[PDB]
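The chain below stands alone, shown as structure tokens; this is the form deposited in one PDB entry.
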């Protein structure tokens, strides 16, 4: 029983994984794939046990029988009394961010502008934004809405990958793993921060964590929060301090998924591992920390306080909520119950 195999997506996650595997005395081992979809396949086949996923992928995995096990949980003011592990999850805000200096750019004039997306099929980076654009546009030709973009996971020869940079050497352009410079919440923001794009589809937390010296990275050093603005759906523009009233949607937290015949086992090992390398672990700070990786969100988001039990032992639809499942369904009919593998 007692040994779990984690699936890392890309070289960087594999590096962090190997370290975790070592510090765990092999209670956790690693498997590597080039993409999130391939990691899902390895789990299906039973060659890997689990991995943490953005809601967009939880949906894909769910149609294939995988189940949400434990979810990421970040610090909250309200719901201060209960422990992190038993507290319900709040969800994150998906926002559209722009440069203040780009005066006059509103939600209603995004057509033909340049965009930065975390990656195709993800909640805040893709499903929410394109789901809304398809809807208001009446068209499915969402590949022709922005003049150019960087949407990791699309066809490299297409304009949707036009703005992506690849790795240190230009290799791997547009792959949906961290080797791509503008991949994920951080890459998408960098894409905008460096003015590669006009708008970026990330989450509220990303702006705060890479501005006002929160990120020591070279491209974020000098970034100032007041030089950014959120795009609201009412065609208005607000300070990043107002995400509560200028977001596109509230997304369900990323969560660890596994095959159901493995969940009980994955869950148990994870909570113990968490007591060891979690936020207040026996060994986190001194030897190793699961939720740390220098602004890179490798394996887990850097702002995870802990992985929380779920309660209501929800199926994937319940976890994602009727709201969002419906959003994804309506967008996917443009590309209807699957196991899309």
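Residue numbers count along the first chain shown, from 1. Between two forms, the rigid core is the largest collection of C-alphas that superpose within 1.5 Å.
Rigid core fits of the other structures in 9 other deposited structures of this protein place the C-alpha atoms of one stretch farther away on average; of 180-188 and 70-78, that stretch is 70-78. In 9 other deposited structures of this protein, superposed by the rigid core, the C-alpha atoms of 79-87 lie farther from the shown form than the other of 200-208 and 79-87.
Per the record, residue 335 and residue 336 are separated by 4 to 9 deposited residues that have no coordinates. In this entry, 138-146 shows the higher mean Cα temperature factor of the pair 202-210 and 138-146.
The stretch 69-77 shows the higher mean C-alpha B-factor when 126-134 is compared against 69-77 in the entry. Listed residues 315, 35, 26, 303 were ranked by CA B-factor as deposited; 26 comes out on top. As recorded in the PDB entry, 285 shows the highest C-alpha B-factor of the residues 285, 55, 46, 62. Residue 340 sits in the highest third of its chain by CA B factor, as recorded in the PDB entry. For residue 164, the recorded CA temperature factor ranks within the lowest third of the chain's modelled residues. Compared with the other modelled residues of the chain, the Cα B-factor recorded for residue 275 ranks in the highest third.
In the deposited entry, the Cα temperature factor of residue 121 places it in the lowest third of its chain's modelled residues. Ranked against the other modelled residues of its chain, the C-alpha B-factor of residue 87 as given in the entry falls in the highest third.
Form deposited with a partner chain bound: not shown, discussed below.
For the options 279, 63, 272, 309, the residue carrying a heavy atom within 4.5 angstroms of the partner chain in the deposited bound form is 63. Taking 33, 284, 67, 40 one by one, only a single residue has any non-hydrogen atom within 4.5 Å of the partner chain in the deposited bound form, and it is 40.
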